[PDB]
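Before any questions on binding or motion, here is one chain by itself as structure tokens, the form deposited in one PDB entry.
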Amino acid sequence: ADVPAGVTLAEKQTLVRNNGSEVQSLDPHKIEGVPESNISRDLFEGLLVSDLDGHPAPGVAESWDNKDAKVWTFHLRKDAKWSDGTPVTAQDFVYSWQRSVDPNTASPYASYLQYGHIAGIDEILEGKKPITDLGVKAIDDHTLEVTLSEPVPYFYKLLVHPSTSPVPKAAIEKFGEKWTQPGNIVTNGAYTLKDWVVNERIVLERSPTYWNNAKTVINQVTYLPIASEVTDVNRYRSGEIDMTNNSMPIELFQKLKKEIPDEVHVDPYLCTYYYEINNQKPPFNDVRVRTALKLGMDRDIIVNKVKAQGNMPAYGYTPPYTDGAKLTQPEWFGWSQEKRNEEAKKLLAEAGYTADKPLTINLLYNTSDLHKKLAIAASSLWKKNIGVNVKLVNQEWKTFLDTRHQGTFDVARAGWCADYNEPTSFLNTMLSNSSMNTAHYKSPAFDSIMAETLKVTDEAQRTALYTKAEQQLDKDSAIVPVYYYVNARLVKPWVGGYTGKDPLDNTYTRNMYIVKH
């Protein structure tokens, strides 16, 4: 943290944040959600970190080199330490990246290092080659060399994501899944774990072994799992919570801006809200059916519920404002909604679904006052607009996520947030082979476009090809885009060091501090 001159710190440096829901895991190879990453970023530290403006900055790596964006050398700082007092080494990295790609780990982010195309990775992920063939090596204890199979000029930007953090072999091998329990866990970041009360709180404590401990100010942070946006704001206003999660109650946002205007932050956020179609579940293996669901949704009715917050209606998957995106709007986006409806019912009818022989659908969503109102609207619009009956089904966050991977749903509420600020952070999740493809979308056409992006000579060419990919994704109606996100949350006037200026919102507790009050 960087506390400005003139500020008087409080004696008690503690922070309470709502994290939105109970985490999947504190194992960095066993997580895929925003809540998971948010705690992970306080516990473990990879080669690089996000600075206060979203940019990549030194982490364990103090400096780095690259040849043709294909061989990357990272020089690890000599004072990087585990909560053990033991050194964080290059071999820790080799071990951890290997583990991330082992089929036996079954990581939901197994594919993340494949987005950077480390040598040897495709066959390893399919189980045809051992993990020790991965193109990552420790030249010495403080020098990691990564060899990619082609040039990827943005490879470094991946390396801030928690799935790429190092993890402790010895703890993992002694304790199996219990390695992350308070007494067992060994950590790399500004904090370690003090307590974990399932469905109540995760409490972390400052670690004096952290190389940059001198700059840390907060001594204890508490993460809560409140899925109720209303309960979140309630317990903020009553004094318990210092920072709400970044999802607001639709009916209360304007009261809040009128009442505590200086505590309401709203910043750009590179995430997309959409209704994910299970492309492998009949009748949604039929492109005409997917297209009818997409066109029949009335995005302007939906965004008009959150218009105070400034959300823009979505026409694709990757956010238009992502770095390197210059997207086009498809022709359907310019129609009236009545013409979109007409088209949709013609398409349904062509597939065999008529007035008299109507489609009935299940809409899955994770517990949330926000998702529940928007699911009730979605189901009502779809009925009126295209004659599809939609029933609601709600699951807890951990179970929600698992269900989508298993395929046991028709359509679901969904949200993807960039892991790095580049369009492949979204587009790669729609690859046939991706551990994150919960769409179950498989298009050899899409895939081959994406391969082309790393054969081109210029960034402008790459940018043009991402717009082809999006177009192909939309022509296949892989998803129902609804709106682009905003990062809106409440933050107490005494909490310092939250700028809101990273559009991926990768904040760290080691950057905040509490002003005397």
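In this text, the rigid core denotes the largest set of C-alpha atoms whose superposition between the two forms falls within 1.5 Å. Each residue number is its position in the shown sequence, starting from 1. Residues that one form lacks are left out of the comparison.
There is also a form deposited in another entry; it is not shown, and the following applies to it.
(request) Superpose on the rigid core, then report which one of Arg237, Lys305, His75, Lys215 has a CA displacement of at least 2 angstroms between the shown form and the other one. (result) The residue that shifts is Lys305.
(message) Once both forms sit on the same rigid core, is the C-alpha displacement of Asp476 at or above 2 Å between the shown form and the other one?
(response) Moves: yes, 2 Å or greater.
(message) With a threshold of 2 Å on the C-alpha, tell me if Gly334 counts as moved between the shown form and the other one once the core is superposed.
(response) After core superposition, the C-alpha of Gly334 moves 2 Å or more between the shown form and the other one.
(message) For a quick test of reading the superposition: does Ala418 move by 2 Å or more at the CA between the shown form and the other one, rigid core aligned?
(response) Indeed, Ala418 is displaced by 2 Å or more.
(request) Once the core is lined up, would you list the consecutive runs of at least three residues whose Cα atoms each shift 2 Å or more between the shown form and the other one? (result) Once the cores are aligned, runs 271-309, 312-419, 422-485 are those whose C-alphas move by at least 2 Å.
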